[PDB]
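Structure record follows, encoded as structure tokens.
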Amino acid sequence: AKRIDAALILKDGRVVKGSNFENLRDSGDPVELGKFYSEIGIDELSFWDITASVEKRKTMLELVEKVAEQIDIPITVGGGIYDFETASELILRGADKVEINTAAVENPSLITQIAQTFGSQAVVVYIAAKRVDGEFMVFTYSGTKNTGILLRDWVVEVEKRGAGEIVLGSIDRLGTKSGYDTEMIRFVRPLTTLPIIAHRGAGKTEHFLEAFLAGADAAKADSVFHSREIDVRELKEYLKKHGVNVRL
């Protein structure tokens, strides 16, 4: 089935900018918010850490310990995971998947190291890409460094190295609400047999349909769900109505 994923951006243990769910005891608590999403029909969750402190490592491990106890859908953890030991720590603490991005681009061996022990199914590569002079290029350090590596080349290398899925984040859609970057999705689709997860640009229910027509296997969103602009259950009902194989 096509997957609907929610992502939660975290700093110092808190959901950055929080959420608009009034029913919740603490609307900026990542564990409670994650649990609520699992209950309404989210398929998988991403916890994306932007902490830099020096409590970052210990904070993420304590968060995944808690989440693993309370939430029973697949969990991905990401945000500055730079080496095998950090990834291993998180997986053994309860993360189903670890997401890497800057460290994977700089040291693609990391992909293979993790997959060698945990299987490719445990490895997510987030690829942040942008149009630069008519070429899709890969950006590292929170979308800030033009690595000079072509998206087309990196997608193939990521698969070769042993990643299990690719989150394709269009920097050209950061903060926008006009739709997923379906041109980018279509560009990548023929290049890899891996699951491709669309990220950035979702503003309304129909944008998810467009992403699936483009060949995405999953769609990730965050603020559009946290703001309550889109309701997860209404989204899945809509998608099912229009022939998309979602889990209901």
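Scheme for the structure tokens: letters A, B, ... for chains in order shown; per-chain residue numbers from 1; ligand numbers from 1 in order shown.
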Can you list, as a PyMOL selection string, every protein, DNA or RNA residue that comes within 9 Å of region 202-208 of chain A when you count only C-alpha atoms, leaving out same-chain residues fewer than 4 positions away? chain A and resi 4+173+176-180+198+212-213+219-221+224+229-231+234-236+238-239
Surrounding residues of residue 248 (chain A) excluding itself and chain neighbours under 5 positions, 10 Å, only C-alpha atoms, as a ChimeraX atom specification: /A:1,41,43,233,236-237,240
For residue 7 (chain A), which of A:21, A:187, A:37, A:48 is the closest residue, counting only C-alpha atoms?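 Comparing A:21, A:187, A:37, A:48 against residue 7 (chain A), the winner is A:48.
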Contacts of residue 60 (chain A) within 10 Å, only C-alpha atoms, excl. fewer than 3 positions in-chain, as a PyMOL selection string: chain A and resi 10-13+47-49+51+55-57+63-66+77-79+90+93
Writer output for current selection, N, CA and C atoms, as a JSON list (two decimals), in the first residue's frame:
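After the write, result28.json holds the following:
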```json
[["chain", "number", "residue", "atom", "x", "y", "z"],
["A", 10, "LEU", "N", 12.24, 18.21, 15.98],
["A", 10, "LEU", "CA", 12.51, 18.28, 17.42],
["A", 10, "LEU", "C", 13.73, 19.13, 17.71],
["A", 11, "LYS", "N", 13.65, 19.87, 18.81],
["A", 11, "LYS", "CA", 14.80, 20.58, 19.37],
["A", 11, "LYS", "C", 14.71, 20.44, 20.89],
["A", 12, "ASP", "N", 15.83, 20.08, 21.52],
["A", 12, "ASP", "CA", 15.88, 19.93, 22.99],
["A", 12, "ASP", "C", 14.68, 19.15, 23.53],
["A", 13, "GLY", "N", 14.32, 18.07, 22.84],
["A", 13, "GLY", "CA", 13.22, 17.19, 23.25],
["A", 13, "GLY", "C", 11.81, 17.65, 22.90],
["A", 47, "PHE", "N", 11.13, 11.08, 13.42],
["A", 47, "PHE", "CA", 11.51, 12.04, 14.43],
["A", 47, "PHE", "C", 12.82, 12.62, 13.96],
["A", 48, "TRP", "N", 12.76, 13.90, 13.61],
["A", 48, "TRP", "CA", 13.90, 14.60, 13.03],
["A", 48, "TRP", "C", 14.46, 15.61, 14.00],
["A", 49, "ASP", "N", 15.65, 15.32, 14.49],
["A", 49, "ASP", "CA", 16.26, 16.17, 15.52],
["A", 49, "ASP", "C", 17.12, 17.31, 14.98],
["A", 51, "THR", "N", 18.46, 19.56, 17.37],
["A", 51, "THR", "CA", 19.26, 19.87, 18.57],
["A", 51, "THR", "C", 20.76, 19.90, 18.22],
["A", 55, "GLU", "N", 23.83, 17.80, 24.65],
["A", 55, "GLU", "CA", 22.96, 16.75, 25.14],
["A", 55, "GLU", "C", 22.22, 16.02, 24.01],
["A", 56, "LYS", "N", 22.54, 16.40, 22.77],
["A", 56, "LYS", "CA", 21.83, 15.87, 21.59],
["A", 56, "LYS", "C", 21.73, 14.35, 21.59],
["A", 57, "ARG", "N", 22.87, 13.66, 21.67],
["A", 57, "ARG", "CA", 22.89, 12.19, 21.56],
["A", 57, "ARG", "C", 22.02, 11.52, 22.63],
["A", 63, "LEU", "N", 14.47, 9.81, 24.07],
["A", 63, "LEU", "CA", 13.25, 9.94, 23.25],
["A", 63, "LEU", "C", 12.90, 8.62, 22.55],
["A", 64, "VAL", "N", 13.84, 8.00, 21.82],
["A", 64, "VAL", "CA", 13.48, 6.70, 21.20],
["A", 64, "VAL", "C", 13.13, 5.58, 22.19],
["A", 65, "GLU", "N", 13.78, 5.55, 23.35],
["A", 65, "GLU", "CA", 13.37, 4.62, 24.42],
["A", 65, "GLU", "C", 11.89, 4.79, 24.75],
["A", 66, "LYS", "N", 11.48, 6.04, 24.97],
["A", 66, "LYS", "CA", 10.10, 6.35, 25.34],
["A", 66, "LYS", "C", 9.14, 5.98, 24.21],
["A", 77, "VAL", "N", 14.34, 7.54, 12.86],
["A", 77, "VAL", "CA", 15.00, 8.65, 13.56],
["A", 77, "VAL", "C", 16.10, 9.26, 12.70],
["A", 78, "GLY", "N", 16.19, 10.58, 12.68],
["A", 78, "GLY", "CA", 17.15, 11.27, 11.82],
["A", 78, "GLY", "C", 17.58, 12.60, 12.40],
["A", 79, "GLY", "N", 18.59, 13.21, 11.78],
["A", 79, "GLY", "CA", 19.04, 14.53, 12.19],
["A", 79, "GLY", "C", 20.42, 14.41, 12.80],
["A", 90, "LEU", "N", 20.77, 3.76, 18.30],
["A", 90, "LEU", "CA", 19.35, 4.11, 18.12],
["A", 90, "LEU", "C", 18.51, 2.90, 17.75],
["A", 93, "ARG", "N", 17.99, 0.69, 20.67],
["A", 93, "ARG", "CA", 17.10, 1.36, 21.61],
["A", 93, "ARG", "C", 15.62, 1.29, 21.19]]
```
Find the spatial neighbours of residue 33 (chain A), counting only C-alpha atoms, within a cut-off of 9 Å - ignore same-chain residues fewer than 3 positions away - and output them as a PyMOL selection string. chain A and resi 8+15+19+21+24+26-30+36-38+226
Give the strand (DSSP E or B) residues of region 107-218 of chain A, as DSSP finds them on the backbone, and put them as a PyMOL selection string. chain A and resi 123-132+135-140+145-150+165-170+196-199+218
Surrounding residues of residue 174 (chain A) excluding itself and chain neighbours under 4 positions, 7 Å, only C-alpha atoms, as an MDAnalysis selection string: chainID A and resid 170 200:201
Enumerate as a compact mmCIF listing (two decimals) with N, CA and C atoms, in the first residue's frame all residues of region 6-232 of chain A assigned to helix (DSSP H, G or I) by DSSP on the backbone, naming them with the chain letters and numbers the document uses.
```
# COMPACT_ATOMS: atom_id res chain seq x y z
N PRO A 30 6.63 15.29 21.76
CA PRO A 30 6.73 14.39 20.60
C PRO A 30 6.14 13.02 20.81
N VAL A 31 6.24 12.48 22.04
CA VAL A 31 5.70 11.14 22.31
C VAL A 31 4.17 11.14 22.26
N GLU A 32 3.55 12.13 22.90
CA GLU A 32 2.09 12.16 22.90
C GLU A 32 1.54 12.39 21.47
N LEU A 33 2.15 13.34 20.77
CA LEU A 33 1.80 13.68 19.39
C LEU A 33 1.98 12.48 18.44
N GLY A 34 3.13 11.79 18.55
CA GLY A 34 3.36 10.54 17.81
C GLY A 34 2.32 9.47 18.08
N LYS A 35 1.94 9.31 19.35
CA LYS A 35 0.95 8.32 19.74
C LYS A 35 -0.41 8.61 19.12
N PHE A 36 -0.82 9.86 19.21
CA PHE A 36 -2.05 10.37 18.60
C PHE A 36 -2.08 10.08 17.11
N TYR A 37 -0.97 10.35 16.42
CA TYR A 37 -0.91 10.03 15.00
C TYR A 37 -1.07 8.54 14.69
N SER A 38 -0.44 7.67 15.49
CA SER A 38 -0.57 6.24 15.30
C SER A 38 -2.04 5.82 15.47
N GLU A 39 -2.73 6.50 16.39
CA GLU A 39 -4.13 6.15 16.72
C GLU A 39 -5.11 6.58 15.63
N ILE A 40 -4.80 7.67 14.92
CA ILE A 40 -5.72 8.17 13.87
C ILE A 40 -5.46 7.59 12.47
N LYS A 56 22.54 16.40 22.77
CA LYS A 56 21.83 15.87 21.59
C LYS A 56 21.73 14.35 21.59
N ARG A 57 22.87 13.66 21.67
CA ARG A 57 22.89 12.19 21.56
C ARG A 57 22.02 11.52 22.63
N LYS A 58 22.24 11.93 23.87
CA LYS A 58 21.55 11.34 25.01
C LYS A 58 20.05 11.65 24.93
N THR A 59 19.72 12.87 24.50
CA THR A 59 18.30 13.25 24.35
C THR A 59 17.57 12.35 23.35
N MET A 60 18.16 12.16 22.16
CA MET A 60 17.56 11.31 21.11
C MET A 60 17.40 9.87 21.63
N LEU A 61 18.42 9.32 22.31
CA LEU A 61 18.28 7.95 22.82
C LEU A 61 17.16 7.79 23.86
N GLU A 62 17.00 8.79 24.73
CA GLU A 62 15.93 8.77 25.73
C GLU A 62 14.55 8.92 25.05
N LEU A 63 14.47 9.81 24.07
CA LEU A 63 13.25 9.94 23.25
C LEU A 63 12.90 8.62 22.55
N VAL A 64 13.84 8.00 21.82
CA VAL A 64 13.48 6.70 21.20
C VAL A 64 13.13 5.58 22.19
N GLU A 65 13.78 5.55 23.35
CA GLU A 65 13.37 4.62 24.42
C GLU A 65 11.89 4.79 24.75
N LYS A 66 11.48 6.04 24.97
CA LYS A 66 10.10 6.35 25.34
C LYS A 66 9.14 5.98 24.21
N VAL A 67 9.46 6.46 23.01
CA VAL A 67 8.62 6.24 21.84
C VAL A 67 8.45 4.74 21.59
N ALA A 68 9.54 3.96 21.70
CA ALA A 68 9.49 2.51 21.44
C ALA A 68 8.53 1.78 22.37
N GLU A 69 8.51 2.20 23.64
CA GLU A 69 7.58 1.68 24.65
C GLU A 69 6.12 1.96 24.30
N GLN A 70 5.85 3.17 23.80
CA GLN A 70 4.47 3.66 23.71
C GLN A 70 3.83 3.61 22.32
N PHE A 84 28.30 4.84 12.38
CA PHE A 84 27.68 3.55 12.63
C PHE A 84 27.29 3.37 14.09
N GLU A 85 28.17 3.78 15.00
CA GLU A 85 27.85 3.59 16.42
C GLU A 85 26.60 4.35 16.88
N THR A 86 26.46 5.59 16.43
CA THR A 86 25.27 6.40 16.72
C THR A 86 24.02 5.69 16.16
N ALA A 87 24.09 5.28 14.89
CA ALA A 87 22.98 4.54 14.28
C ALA A 87 22.67 3.25 15.03
N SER A 88 23.70 2.46 15.35
CA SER A 88 23.49 1.21 16.09
C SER A 88 22.80 1.39 17.44
N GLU A 89 23.26 2.38 18.20
CA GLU A 89 22.67 2.81 19.49
C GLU A 89 21.16 3.03 19.33
N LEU A 90 20.77 3.76 18.30
CA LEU A 90 19.35 4.11 18.12
C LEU A 90 18.51 2.90 17.75
N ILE A 91 19.00 2.08 16.84
CA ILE A 91 18.30 0.86 16.42
C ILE A 91 18.09 -0.08 17.60
N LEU A 92 19.15 -0.28 18.38
CA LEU A 92 19.08 -1.18 19.52
C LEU A 92 18.18 -0.63 20.64
N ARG A 93 17.99 0.69 20.67
CA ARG A 93 17.10 1.36 21.61
C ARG A 93 15.62 1.29 21.19
N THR A 102 23.78 14.04 5.38
CA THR A 102 25.13 14.64 5.22
C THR A 102 26.26 13.61 5.39
N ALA A 103 26.19 12.81 6.45
CA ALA A 103 27.27 11.82 6.66
C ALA A 103 27.27 10.76 5.55
N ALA A 104 26.10 10.44 5.00
CA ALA A 104 26.06 9.45 3.91
C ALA A 104 26.71 10.01 2.63
N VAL A 105 26.42 11.27 2.32
CA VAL A 105 26.99 11.92 1.14
C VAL A 105 28.54 12.00 1.28
N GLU A 106 29.01 12.38 2.47
CA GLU A 106 30.46 12.55 2.71
C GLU A 106 31.18 11.20 2.83
N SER A 109 30.18 4.83 2.57
CA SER A 109 30.43 3.57 3.31
C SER A 109 29.52 3.40 4.51
N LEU A 110 29.10 4.52 5.11
CA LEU A 110 28.23 4.47 6.28
C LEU A 110 26.95 3.71 5.94
N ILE A 111 26.40 3.97 4.75
CA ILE A 111 25.19 3.25 4.31
C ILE A 111 25.39 1.72 4.43
N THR A 112 26.50 1.26 3.85
CA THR A 112 26.86 -0.16 3.83
C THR A 112 27.13 -0.72 5.22
N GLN A 113 27.83 0.05 6.05
CA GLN A 113 28.11 -0.37 7.44
C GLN A 113 26.84 -0.67 8.19
N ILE A 114 25.87 0.24 8.10
CA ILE A 114 24.61 0.04 8.83
C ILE A 114 23.84 -1.15 8.25
N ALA A 115 23.71 -1.17 6.92
CA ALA A 115 22.99 -2.24 6.24
C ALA A 115 23.62 -3.62 6.41
N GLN A 116 24.95 -3.67 6.49
CA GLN A 116 25.63 -4.94 6.75
C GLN A 116 25.17 -5.62 8.03
N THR A 117 24.93 -4.85 9.09
CA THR A 117 24.53 -5.40 10.42
C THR A 117 23.00 -5.52 10.54
N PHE A 118 22.32 -4.46 10.13
CA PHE A 118 20.87 -4.30 10.39
C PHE A 118 19.94 -4.61 9.20
N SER A 120 19.34 -3.69 4.79
CA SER A 120 19.00 -2.46 4.08
C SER A 120 17.69 -1.85 4.59
N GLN A 121 16.81 -2.71 5.11
CA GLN A 121 15.48 -2.28 5.55
C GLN A 121 15.58 -1.26 6.68
N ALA A 122 16.70 -1.30 7.43
CA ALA A 122 16.95 -0.34 8.50
C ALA A 122 17.50 1.02 8.06
N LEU A 151 21.82 14.70 -8.39
CA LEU A 151 20.81 13.80 -7.88
C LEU A 151 20.82 12.44 -8.59
N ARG A 152 20.87 12.43 -9.92
CA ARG A 152 20.82 11.18 -10.67
C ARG A 152 21.95 10.22 -10.28
N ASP A 153 23.14 10.76 -10.06
CA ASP A 153 24.28 9.93 -9.65
C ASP A 153 24.14 9.40 -8.23
N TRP A 154 23.66 10.26 -7.33
CA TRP A 154 23.58 9.91 -5.91
C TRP A 154 22.50 8.85 -5.68
N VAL A 155 21.36 8.97 -6.36
CA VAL A 155 20.30 7.96 -6.21
C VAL A 155 20.85 6.57 -6.55
N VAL A 156 21.61 6.47 -7.64
CA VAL A 156 22.13 5.17 -8.02
C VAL A 156 23.15 4.66 -6.99
N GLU A 157 23.99 5.56 -6.50
CA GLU A 157 25.01 5.16 -5.53
C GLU A 157 24.37 4.72 -4.20
N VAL A 158 23.35 5.44 -3.77
CA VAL A 158 22.64 5.12 -2.53
C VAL A 158 22.08 3.70 -2.56
N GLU A 159 21.45 3.35 -3.68
CA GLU A 159 20.92 2.00 -3.84
C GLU A 159 22.07 0.97 -3.85
N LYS A 160 23.14 1.28 -4.58
CA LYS A 160 24.27 0.35 -4.69
C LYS A 160 24.90 0.08 -3.31
N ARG A 161 24.97 1.12 -2.51
CA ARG A 161 25.58 1.04 -1.18
C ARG A 161 24.77 0.28 -0.15
N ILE A 171 14.18 20.98 -1.95
CA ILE A 171 14.46 22.28 -1.32
C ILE A 171 13.64 23.37 -2.02
N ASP A 172 13.37 23.17 -3.31
CA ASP A 172 12.53 24.06 -4.13
C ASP A 172 11.07 24.14 -3.65
N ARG A 173 10.73 23.31 -2.66
CA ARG A 173 9.41 23.29 -2.07
C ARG A 173 9.40 23.58 -0.57
N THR A 182 6.53 16.99 -8.06
CA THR A 182 6.25 15.79 -8.85
C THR A 182 7.21 15.62 -10.02
N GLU A 183 7.71 16.73 -10.55
CA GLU A 183 8.76 16.64 -11.60
C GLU A 183 10.00 15.93 -11.05
N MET A 184 10.40 16.28 -9.83
CA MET A 184 11.56 15.63 -9.20
C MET A 184 11.31 14.15 -8.93
N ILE A 185 10.12 13.85 -8.44
CA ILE A 185 9.76 12.47 -8.17
C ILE A 185 9.83 11.67 -9.48
N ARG A 186 9.21 12.20 -10.52
CA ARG A 186 9.24 11.53 -11.84
C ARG A 186 10.65 11.36 -12.38
N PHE A 187 11.52 12.33 -12.10
CA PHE A 187 12.93 12.28 -12.53
C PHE A 187 13.66 11.08 -11.89
N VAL A 188 13.43 10.91 -10.60
CA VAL A 188 14.10 9.85 -9.82
C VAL A 188 13.50 8.47 -10.04
N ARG A 189 12.19 8.42 -10.33
CA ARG A 189 11.46 7.11 -10.33
C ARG A 189 12.17 5.99 -11.17
N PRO A 190 12.57 6.30 -12.41
CA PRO A 190 13.21 5.29 -13.27
C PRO A 190 14.63 4.93 -12.87
N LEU A 191 15.21 5.72 -11.95
CA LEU A 191 16.61 5.55 -11.56
C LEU A 191 16.89 4.53 -10.46
N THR A 205 -5.09 17.98 0.28
CA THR A 205 -5.24 16.54 0.13
C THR A 205 -4.84 16.06 -1.30
N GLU A 206 -5.22 16.81 -2.32
CA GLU A 206 -4.97 16.38 -3.72
C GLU A 206 -3.48 16.28 -4.03
N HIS A 207 -2.67 17.02 -3.29
CA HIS A 207 -1.20 16.97 -3.55
C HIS A 207 -0.62 15.57 -3.28
N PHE A 208 -1.24 14.85 -2.35
CA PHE A 208 -0.83 13.46 -2.08
C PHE A 208 -1.13 12.53 -3.26
N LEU A 209 -2.34 12.63 -3.80
CA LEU A 209 -2.67 11.91 -5.03
C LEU A 209 -1.66 12.19 -6.14
N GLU A 210 -1.32 13.46 -6.37
CA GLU A 210 -0.37 13.83 -7.43
C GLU A 210 0.98 13.13 -7.18
N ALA A 211 1.42 13.16 -5.93
CA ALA A 211 2.69 12.50 -5.57
C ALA A 211 2.71 11.00 -5.90
N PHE A 212 1.61 10.31 -5.59
CA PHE A 212 1.49 8.89 -5.92
C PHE A 212 1.41 8.61 -7.42
N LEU A 213 0.67 9.43 -8.16
CA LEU A 213 0.68 9.33 -9.62
C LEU A 213 2.11 9.50 -10.19
N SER A 223 4.21 19.91 9.14
CA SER A 223 3.39 21.09 9.53
C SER A 223 1.96 21.08 8.98
N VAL A 224 1.77 20.52 7.78
CA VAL A 224 0.41 20.47 7.23
C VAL A 224 -0.52 19.59 8.08
N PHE A 225 0.05 18.61 8.78
CA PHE A 225 -0.71 17.78 9.69
C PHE A 225 -0.78 18.45 11.08
N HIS A 226 0.36 18.95 11.55
CA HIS A 226 0.41 19.55 12.91
C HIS A 226 -0.51 20.77 13.03
N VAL A 232 -5.43 13.46 8.75
CA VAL A 232 -4.93 12.15 8.31
C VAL A 232 -6.00 11.16 7.84
```
What lies within 9 Å of residue 195 (chain A) using only C-alpha atoms, ignoring chain neighbours under 6 positions off, as a PyMOL selection string? chain A and resi 164-167+216-218
If I take CA of residue 199 (chain A) and CA of residue 5 (chain A), how far is one from the other in Å, to one decimal?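 The value is 9.7 Å.
Comparing the minimum interatomic distances between residue 80 (chain A) and each of A:141, A:125, A:20, A:95, counting only C-alpha atoms, we find that A:141 sits nearest.
Considering only C-alpha atoms, the residue among A:192, A:136, A:228, A:107 positioned nearest to residue 215 (chain A) is A:192.
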Minimum-distance residue to residue 98 (chain A), chosen among A:149, A:163, A:52, A:73 (using only C-alpha atoms):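 Nearest to residue 98 (chain A): A:163.
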Which distance in Å separates CA of residue 108 (chain A) and CA of residue 131 (chain A), to one decimal?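 One can read the CA of residue 108 (chain A) to CA of residue 131 (chain A) distance as 22.6 Å.
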